[PDB]
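In this chain, numbering begins with 1 at the start of the sequence shown. Whatever order the structure lists ligands and atoms in, that order sets their numbers, starting from 1.
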Amino acid sequence: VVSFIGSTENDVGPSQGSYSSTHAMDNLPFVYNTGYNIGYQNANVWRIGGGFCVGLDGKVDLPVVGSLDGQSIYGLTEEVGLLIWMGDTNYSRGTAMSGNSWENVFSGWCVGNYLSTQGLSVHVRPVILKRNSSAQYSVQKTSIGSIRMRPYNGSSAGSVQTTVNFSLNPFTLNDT
Ligand SMILES: CC(=O)N[C@H]1[C@H](O[C@H]2[C@@H](O)[C@H](O)[C@@H](CO)O[C@H]2O)O[C@H](CO)[C@@H](O)[C@@H]1O
Ligand code: NI
């Protein structure tokens, strides 16, 4: 079966992270490719065992202000939005998020007759929407959304906690 073993509120990105870019923000919107640097990752959010089957759904609560290659650009301020990925523990397995409804972000797996864990990951990349004369862009603490576990194939959470939340740590972007 399954148990919750992670934290309910989770911060994405390092407190007061500084993200600079040498590319020219020539055409907007401009994506800051900060890789997986602005993220949260935890291999052990639920413990599971004995044929248990679980995937992950994700939801972004930020307003959609556009899209980039079919993925929603979620707005933070008039100047800065975000591309968002949520999914299984590995950052590389992140699912690009669109819209504001619950979306399947990890197809899932079944644990055999052993005990193991289900984890998750969230990462984002800043997007320059509107220019700033200072060439510096600031964002304060902000709620992003949530991820929940999805028991399937008979399995069920029961009264176990299903959902965790994510907050963006404030950061500053330097247009270098
Ligand atoms: C890696 C970890 O600590 N937990 C993973 C989990 O991994 C399992 C199993 O799937 C994997 O085959 C073996 C290594 O060969 O390790 C076990 O512990 O896999 C799930 C789904 O990918 C992750 O959510 C979890 O973080
Ligand atoms: Ni380039």
Novice: Could you check if a side-chain atom of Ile144 sits within less than 4.5 angstrom of a side-chain atom of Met86, using non-hydrogen atoms only?
Specialist: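 Contact flag for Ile144/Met86 side chains = yes.
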
Novice: Under 3.5 Å between any N/O of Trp109 and any N/O of ligand 1: does that happen in this structure?
Specialist: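 No, there is no polar N/O contact under 3.5 Å.
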
Novice: Please could you name the atoms of ligand 1 that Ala43 approaches to less than 4.0 Å, counting only its heavy atoms?
Specialist: 25 (C), 26 (O)

Novice: Check the angle between the aromatic planes of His123 and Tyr91 and answer parallel, tilted or perpendicular using the 30° and 60° thresholds.
Specialist: perpendicular

Novice: Side-chain contact test, heavy atoms from C-beta onward, threshold under 4.5 Å: evaluate it for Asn10 versus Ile147 and give yes or no.
Specialist: no

Novice: Got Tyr32 and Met25 here, is their nearest side-chain heavy-atom distance under 4.5 Å?
Specialist: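 Sidechains of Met25 and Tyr32: in contact.
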
Novice: Given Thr117, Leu120, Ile48, which has its nearest heavy atom closest to atom 25 (C) of ligand 1?
Specialist: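 Ranked by closest heavy atom to atom 25 (C) of ligand 1, first place is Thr117.
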
Novice: Under 4.0 Å, heavy-atom basis, I'd like to know which part of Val111 is in contact with ligand 1: side chain, backbone, both or neither.
Specialist: neither

Novice: Do the non-hydrogen side-chain atoms of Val127 and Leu68 ever get within less than 4.5 Å of each other?
Specialist: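 No, side chains not in contact.
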
Novice: Name the option, out of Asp88, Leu56, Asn44, that contains the heavy atom nearest to atom 22 (O) of ligand 1.
Specialist: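 Shortest heavy-atom distance from atom 22 (O) of ligand 1: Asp88.
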
Novice: Which atoms of ligand 1 have any heavy atom of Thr89 under 4.0 Å away?
Specialist: 23 (C), 24 (O), 25 (C), 26 (O)

